[PDB]
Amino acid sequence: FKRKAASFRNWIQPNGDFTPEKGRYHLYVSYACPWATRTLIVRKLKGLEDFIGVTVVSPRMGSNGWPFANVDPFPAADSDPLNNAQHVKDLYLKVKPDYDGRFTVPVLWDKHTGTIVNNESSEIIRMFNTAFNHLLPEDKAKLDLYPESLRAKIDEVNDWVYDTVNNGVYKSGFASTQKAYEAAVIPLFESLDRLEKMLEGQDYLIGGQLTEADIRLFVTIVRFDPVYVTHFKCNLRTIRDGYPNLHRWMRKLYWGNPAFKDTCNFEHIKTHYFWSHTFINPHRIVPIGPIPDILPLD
């Protein structure tokens, strides 16, 4: 498996086409997508709700891609209030009728220019971290998920976490031969062993504080036991019974911070993967287990 890179790459900035203003931007997401979920977590952590709206698609990705709730009603899914789109593809096609890539989420939309600002989760969360600091209340303005002295270590972990873990699980799950499957899953678990020892005495990956590296990791790890273990055959061992440090870390984040918990919808997560990926799971059946979705704090 090879991930086709994102094609809308503009930034929100004081001095550009896309300036930081209240009620100008809008974020289209699925609760199921860990990429999109990065942007939801950071959006809450930075208290950006008044500047940035959110529309949640249905988790059931049929042949037309991600549907809006008026096409496919599902608990906690929304209709598109802006462009009245039926599927995420309409957003893309409206602004670029010749667009040749995947119709992905997250989509960061500009309500003023009627265009897509950025559809790359790593950039959305980066801009979310600073671009609105001047308009936000104190504590929210001060929060820095990418602080200067840690940017080197963050960039480092981000790159290999992205490669072997965030994308690793999908490389494992989408591989169509035994050899490609094994070539992906072994590094995945090697990297987990590494993260596991990194967290031996810590509550955060890097620097004793919350960073965007924890956010990027969390979205994968929280989906691991409920989905990746079975759905993507990433099953050498599990988080809850295989990785005490990762398990503690993930649970602290989940239970202790509404930004990680309120943006985490397990029904959307399990429905999306199991029901949509018929090339892996032909009858679209959603396993009941494991129970529970996530364990309480120790």
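From 1 onward, residues are counted along the sequence shown.
Visitor: Would you determine, from the values in the PDB entry, which of 192 to 200 and 121 to 129 has the greater average C-alpha temperature factor?
Guide: It is 192 to 200.
Visitor: In the PDB record, does 10 to 18 or 284 to 292 carry the higher mean Cα temperature factor?
Guide: Mean B over CA atoms: larger for 10 to 18.
Visitor: When you compare the CA B-factors of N166, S172, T113, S176 as listed in the entry, which one comes out on top?
Guide: Highest C-alpha B-factor among the listed options: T113.
Visitor: Where does the C-alpha B-factor of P137 rank in its chain, lowest, middle or highest third?
Guide: It falls in the middle third of the chain.
Visitor: Among the modelled residues of this chain, does the Cα B factor of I206 put it in the lowest, middle or highest third?
Guide: For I206, the deposited C-alpha B-factor lands in the highest third.
Visitor: Going by what the PDB entry lists, where does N64 fall on CA B-factor within its chain: lowest, middle or highest third?
Guide: It belongs to the highest third of the chain when residues are ordered by C-alpha B-factor.
Visitor: Lowest, middle or highest third: which one holds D50 when the chain's residues are ordered by CA B-factor from the entry?
Guide: CA B-factor rank for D50: highest third.
Visitor: If you rank every modelled residue in this chain by C-alpha B factor, which third holds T37: lowest, middle or highest?
Guide: Within its chain, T37 is a lowest-third residue by C-alpha B-factor, going by the deposited values.
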